[PDB]
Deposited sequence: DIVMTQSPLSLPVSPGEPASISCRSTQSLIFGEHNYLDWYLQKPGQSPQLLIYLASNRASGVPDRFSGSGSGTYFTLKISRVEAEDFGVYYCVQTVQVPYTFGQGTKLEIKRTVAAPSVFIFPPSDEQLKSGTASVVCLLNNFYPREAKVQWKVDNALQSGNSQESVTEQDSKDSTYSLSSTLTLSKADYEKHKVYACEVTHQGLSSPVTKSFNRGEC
């Protein structure tokens, strides 16, 4: 089996700057006058989309900012000026020999400016209170970069009873959103519930709470 090695695995690039992704094979992909290597882009929740076929041919509908080059065992995909809609995972694949094999995929991240999150707190619902468990959720909406610290606090810092989930980079504004869910049974025994958010875009941490 031909091994396809992609580099790098993660590529942070600001909008307007160039990007370059390389793909190496363990066997020559030449047959006749063509190199049998294709480039695909897969956006979150979508099927893969062909960008470049046969090493250097731009697929129908692909903008001219995308180009491919290389021959033999060394191939390169280039974006002359990346745009916000280019976010996704890029794959090379060889088709000179079955089994067809893919590269590991390169996650292209869009480096936009710093953006502070909008913090929201939600107490458990009355419908859920009719059950045995209470869930408090803290929402961090539209921020960048992804690095963010969420901490739960009757002014007692929690540990072990929370879970986080972060969306993929938005195709329009290149921001992230994050949710943190605090799960308790114990809930009716306390009064102060707060989530404190720390992010680069905030001069000081922001706390949203309820009683």
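Going by the record, the unmodelled stretches of the deposited sequence, in order, are 154, 187 to 188, 215 to 218.
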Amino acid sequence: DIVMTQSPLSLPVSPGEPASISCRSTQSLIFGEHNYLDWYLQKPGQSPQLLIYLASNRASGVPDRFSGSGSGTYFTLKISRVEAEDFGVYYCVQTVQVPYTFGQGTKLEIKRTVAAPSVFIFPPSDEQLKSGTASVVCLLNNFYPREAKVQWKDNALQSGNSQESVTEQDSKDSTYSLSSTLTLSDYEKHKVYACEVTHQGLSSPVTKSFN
From here on, numbers count along this sequence of modelled residues.
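Look at the C-alpha B-factors of 52 to 60 and of 138 to 146. On average they run higher in 138 to 146.
When the mean C-alpha temperature factors of 61 to 69 and 22 to 30 are read from the deposited coordinates, 61 to 69 comes out higher. As recorded in the entry, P124 carries the highest CA temperature factor of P99, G88, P124, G105. Out of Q42, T181, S177, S171, the entry records its largest CA B-factor for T181. Sort the modelled residues of the chain by CA B factor and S7 lands in the middle third. Ranked within its chain, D38 lands in the lowest third, by CA B factor from the PDB record.
Looking at the C-alpha B-factors along this chain, the one for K111 belongs to the middle third.
In the PDB entry, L129 places in the highest third of its chain by CA B-factor. Per-chain ranking of the deposited C-alpha B factor places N161 in the highest third.
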